[PDB]
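So the number in my numbering is just where the residue sits in the sequence shown, counting from 1, plus 761.
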Amino acid sequence: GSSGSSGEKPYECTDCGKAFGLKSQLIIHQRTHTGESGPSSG
Ligand SMILES: [Zn+2]
Numbered sequence: 762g763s764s765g766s767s768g769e770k771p772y773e774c775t776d777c778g779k780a781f782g783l784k785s786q787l788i789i790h791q792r793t794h795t796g797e798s799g800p801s802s803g
């Protein structure tokens, strides 16, 4: 059940393409990208 929202996310993660209504919410997210574990390499 996901519906009904107000406002937009002027911020988006260039790494994957995520969104964040806040500027700090994104910065903290970009972290997960910078350095991580997993065979997903390229
Ligand atoms: Zn991302």
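We put the CB at the ideal spot given by N, CA and C, even for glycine.
Euclidean distance between Cα positions of residue i and residue j
i       : j       : result
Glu-797 : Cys-777 : 14 Å
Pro-771 : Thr-793 : 20 Å
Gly-799 : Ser-764 : 33 Å
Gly-782 : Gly-768 : 8 Å
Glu-773 : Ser-785 : 11 Å
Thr-775 : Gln-791 : 9 Å
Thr-795 : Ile-789 : 10 Å
- Which residues, in chain order, sit with a beta-carbon under 5 Å away from any heavy atom of ligand 1? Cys-774, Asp-776, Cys-777 and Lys-779
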